[PDB]
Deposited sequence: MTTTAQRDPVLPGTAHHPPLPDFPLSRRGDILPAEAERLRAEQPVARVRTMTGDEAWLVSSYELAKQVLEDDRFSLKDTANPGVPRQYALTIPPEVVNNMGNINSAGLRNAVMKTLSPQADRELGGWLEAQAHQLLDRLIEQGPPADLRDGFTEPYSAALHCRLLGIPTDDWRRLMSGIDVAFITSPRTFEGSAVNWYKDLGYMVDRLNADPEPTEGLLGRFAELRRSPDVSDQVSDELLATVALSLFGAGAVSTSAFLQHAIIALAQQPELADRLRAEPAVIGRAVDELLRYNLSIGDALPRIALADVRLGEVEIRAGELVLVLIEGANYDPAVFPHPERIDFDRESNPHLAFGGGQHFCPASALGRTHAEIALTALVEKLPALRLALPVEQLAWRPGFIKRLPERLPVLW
């Protein structure tokens, strides 16, 4: 027979029809990835939760030489840092984050209002707003955000084969972090401040900058893409923005539901089976690639009635947008706060927010870890 191909579709404004058929017909299915390797695509909520919470399936080992891949690695080839890192990802270790984020959002939003519609809400909000957040998370200035976000454009490319340029891109920004950490007025504030300190107590510079880089990349790309999907929802269903205006306190339940809904994840969560395991009806052999399809789990009608309709008042919403098990997103609280504040500012300041053209004419980015529109032109 012919294997279904993976990934599924770049169009991000409706669930891929193929993700619905996979969950219904073959919740665990063999698929051919874009590298040509084969893999197991897990697309039901129960089975997807099982894999994520079972450490016999390993994320660490998906980067070993020789294993099957869904796309080439872009990164080339245990020390009490957890604290430096975990302290930075507690929105409760920076009391001022909330109000500072609100001021950044309104700053960007006010700039667009003076210029008048239309505006591209990716380059005007979401991109600078996600760079600014992560520049502050590290304690480095927002001056270079365009250059840092552009580095993300390359770092998160999904390519069938390794490509020159992902290595050059890695070492180029790695040098940038090194430079900020070793600047003369040694950095205070942020992970880079906690890092300059940690290297006086009684870990290398390369490895420090590595953690700074992957945290900036992983976060700016993920918050910006989700936030563009949230915007598309509010622009298309304006009754949702009315709800937010009338009942501002629902913003927590609403971001939670948009998280379940959103299709910003353009690949699958990868795991390498460390042992033979039985999963649903399929026998998975050690060394094989397993791919968790978050959108299949989060649209599974066994767990989420009317999964295709956004609903802020679900009795229960135990979605997998942040992963699960051991590798559950460490910054989940930070990601919620970031989106809650941005959307609250958006629906106050642009109350007639809508798309400037039919949603079907948005240009969706090919070949990227996230599904995102290249531009997000809106009116208000």
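Several segments of the deposited sequence have no coordinates for C-alpha: 1 to 17, 95 to 104, 230 to 234, numbered from the first residue.
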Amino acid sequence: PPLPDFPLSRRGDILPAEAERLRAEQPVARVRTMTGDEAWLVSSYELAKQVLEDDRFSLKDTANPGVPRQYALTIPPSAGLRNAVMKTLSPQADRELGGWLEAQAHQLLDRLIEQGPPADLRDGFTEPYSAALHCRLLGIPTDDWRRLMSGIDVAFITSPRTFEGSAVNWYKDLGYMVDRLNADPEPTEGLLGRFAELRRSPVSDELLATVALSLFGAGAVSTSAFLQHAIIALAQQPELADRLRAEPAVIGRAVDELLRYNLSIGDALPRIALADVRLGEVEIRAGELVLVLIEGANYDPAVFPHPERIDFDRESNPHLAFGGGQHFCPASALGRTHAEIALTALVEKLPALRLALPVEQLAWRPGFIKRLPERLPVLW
From here on, numbers count along this sequence of modelled residues.
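Looking at 157 to 165 and 94 to 102 together, the entry lists the larger mean B-factor for 94 to 102, computed on C-alpha atoms. Mean C-alpha B-factor is higher over 15 to 23 than over the other stretch, the pair under comparison being 15 to 23 and 362 to 370. Of the residues listed, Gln236, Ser150, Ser201, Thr223, the entry assigns the biggest Cα temperature factor to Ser201. Highest CA B-factor among the listed residues (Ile251, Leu192, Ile231, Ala297): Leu192. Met86: CA B factor in the highest third of modelled residues in this chain (values from the PDB entry). Remark: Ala29 belongs to the highest third of its chain, ranked by C-alpha B-factor as recorded. Sort the modelled residues of the chain by CA B factor and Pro301 lands in the middle third. Annotation for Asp311: CA B-factor lies in the lowest third of the chain's modelled residues. Per the PDB record, residue ranking by Cα B-factor puts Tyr176 in the highest third of the chain.
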